[PDB]
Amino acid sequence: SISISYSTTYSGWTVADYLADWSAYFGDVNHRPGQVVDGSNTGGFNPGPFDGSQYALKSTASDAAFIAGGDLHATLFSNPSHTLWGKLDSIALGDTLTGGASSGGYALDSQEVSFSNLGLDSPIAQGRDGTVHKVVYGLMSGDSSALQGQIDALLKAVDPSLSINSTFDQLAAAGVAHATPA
């Protein structure tokens, strides 16, 4: 089932409130036609250049950053263009991104929260409608709505009383979350 890791700082927050705040602060990197600037708002893959086990992106305006983990593929100019697809197992949120292809991976110097065992798989044919794409492109664009909806479904699948409106501590009591040090 979904497995959540959270710094004790966030023990009393709901998942929805945490994500709404995190993404609003991360802010839209404007990865859109006319506005993509390589090395600024593309993020990167490990091993890359356009596929790998991690995709990571920091904000254009601060150190906030996320890492998507799984078996990921960006089509870039190939049909269906500008689709991220594959298998998405995890999302880690925090700040101070480090690493990259030259390091053999990415890590956050301050990981706040992670969501693992997401079990998302999106075929290339779904294009930009796939859940993997929506989750990650949403985060790139400062919008955690898609991620929230996937977490909500995973939580309900454990028990319908659990949701994105549960606190991290409630989710820990319910067996789906664990705390890390503040």
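Residue indices: 1-based, along the sequence shown.
Higher mean CA temperature factor between 98-106 and 84-92: 98-106, per the PDB entry. Higher mean CA B-factor, judged across 133-141 and 56-64 from the recorded values: 56-64.
Ranking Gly44, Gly69, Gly34, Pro123 by Cα temperature factor from the entry places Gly34 first. In the PDB entry, a CA B factor belonging to the middle third of its chain's modelled residues is recorded for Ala16. In the PDB entry, a CA B factor belonging to the highest third of its chain's modelled residues is recorded for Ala179. When the modelled residues of the chain are ordered by C-alpha B-factor, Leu118 sits in the middle third. Among the modelled residues of the chain, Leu154 sits in the middle third by CA temperature factor in this PDB entry.
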